[PDB]
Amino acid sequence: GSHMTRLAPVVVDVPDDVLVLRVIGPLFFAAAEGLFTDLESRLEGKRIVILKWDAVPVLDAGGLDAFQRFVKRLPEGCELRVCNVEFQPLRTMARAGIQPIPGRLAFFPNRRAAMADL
């Protein structure tokens, strides 16, 4: 692994219990596994985690599986917000029938919308 799929800091003013990151690179199984495992270690004291996926051009079957497991494992009281899902990952998740989950998983068109109740 060349660590080419990675979490990147976002410069924005947010409460201390909110984490905002970009995911840069494709979410193929192996890369997704490492990324979501890393993300899980950053969740202490976080009420909201926002992932901006503008730079995620592809999401494959195993990558989606990894995403679903990550969501399943989120701590109580921690909501994942995903924004800027690109065409291929969005079509992949649509075909798989991914749905939001109250208090756990929400999708938004952009960062503004994902942060509107902040």
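Residue numbers here begin at 1 and follow the sequence given.
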- Query: Given the B-factors recorded for C-alpha atoms, which segment has the greater mean, 15-23 or 106-114?
  - Reply: 15-23
- Give the stretch, out of 46-54 and 82-90, with the larger mean C-alpha temperature factor in the deposited entry. 46-54
- Item | Within-chain third of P75 by Cα B-factor, per the entry | highest
- Message: Splitting the chain's C-alpha B-factors into thirds, which one does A32 fall into?
- Response: highest
